[PDB]
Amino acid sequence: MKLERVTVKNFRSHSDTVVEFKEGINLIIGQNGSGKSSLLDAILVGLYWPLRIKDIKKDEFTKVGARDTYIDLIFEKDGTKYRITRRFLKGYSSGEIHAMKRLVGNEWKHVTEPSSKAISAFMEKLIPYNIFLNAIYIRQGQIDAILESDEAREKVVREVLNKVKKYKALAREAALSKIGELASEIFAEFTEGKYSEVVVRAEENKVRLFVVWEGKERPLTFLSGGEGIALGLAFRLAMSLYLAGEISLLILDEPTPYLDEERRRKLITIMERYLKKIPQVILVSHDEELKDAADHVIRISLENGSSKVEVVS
């Protein structure tokens, strides 16, 4: 799964926004209110309409009147280039137009009936909603929530991962354990071998998380800020791996809304050494200092009342 281009017109501060994504780490920088957040929303909606994206109302697309709303998304998956186009007609004309095409030579050919129903059905076979929304897309607050406490950790796990009672209990225990193994490997990678085990223990509306240092279970209080963001990211990505079985695309939506020299220096190290192994990463941040660790930099800002895109690299 690799995004190529998103076009968004007449959605929030986007009058006519085109963003082109490439290989490697794509940093989308912008101030609060720039439109960088709504851009991601428009991607998710373009992919999975009419399924729920966050708290966004259908009416915001079908109703908020005058001027057509338009979302066009080109992406590649398994050697095929696809294009999803959604048009919400307004200002005289009315209704909805949906199409999904694949590129055949130079021609875009419909891959299913141009209806939202058929396109939804196809997208569930290509890349299911729950996988994209929980494995590929990492929502703001999740990484911090993992590091907050045992209860909040429990909440993030419950969110991301969603005779019979026995089955359910077993499934949950197994899930937590597998995530622990995966996170051990990743976090081990991230701290150059300092730690090589991450312990995860479910315990009554709680996910206990412990670091392994000197073969003793240490609480996350033992960690500096850096190795903190490392552990939270490693745990979050372990959950993505658990769900999807691989990470080919990763969308990090404001992973560090607050960041210090240390946290930032660590995220930078992690981008440079580790996240560059992922075919594409899209990182949305307010932090200019991340630019150095990125392959491609796109600044989004509000100018003359609409989002404007500046390609920095």
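So that there is no doubt, residue numbering starts at 1 and follows the sequence shown.
According to the PDB entry, the deposited sequence contains 10 or more residues between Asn162 and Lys163 that lack coordinates. Between 149 to 157 and 211 to 219, the higher mean Cα B-factor belongs to 211 to 219.
Taking the PDB entry as given, 173 to 181 carries the higher mean Cα B factor of the two stretches 71 to 79 and 173 to 181. Highest CA B-factor among the listed residues (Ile143, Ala202, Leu126, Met239): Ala202. Comparing the C-alpha B-factors of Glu113, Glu192, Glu96, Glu107 in the entry, the top value falls on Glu192.
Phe235: CA B factor lies in the middle third for its chain, per the PDB record. The deposited CA B-factor of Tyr137 belongs to the lowest third of values across its chain. Among all modelled residues in this chain, the alpha-carbon of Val198 has a temperature factor (C-alpha) in the highest third.
Looking at the C-alpha B-factors along this chain, the one for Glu246 belongs to the lowest third. In the PDB entry, a CA B factor belonging to the lowest third of its chain's modelled residues is recorded for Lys36.
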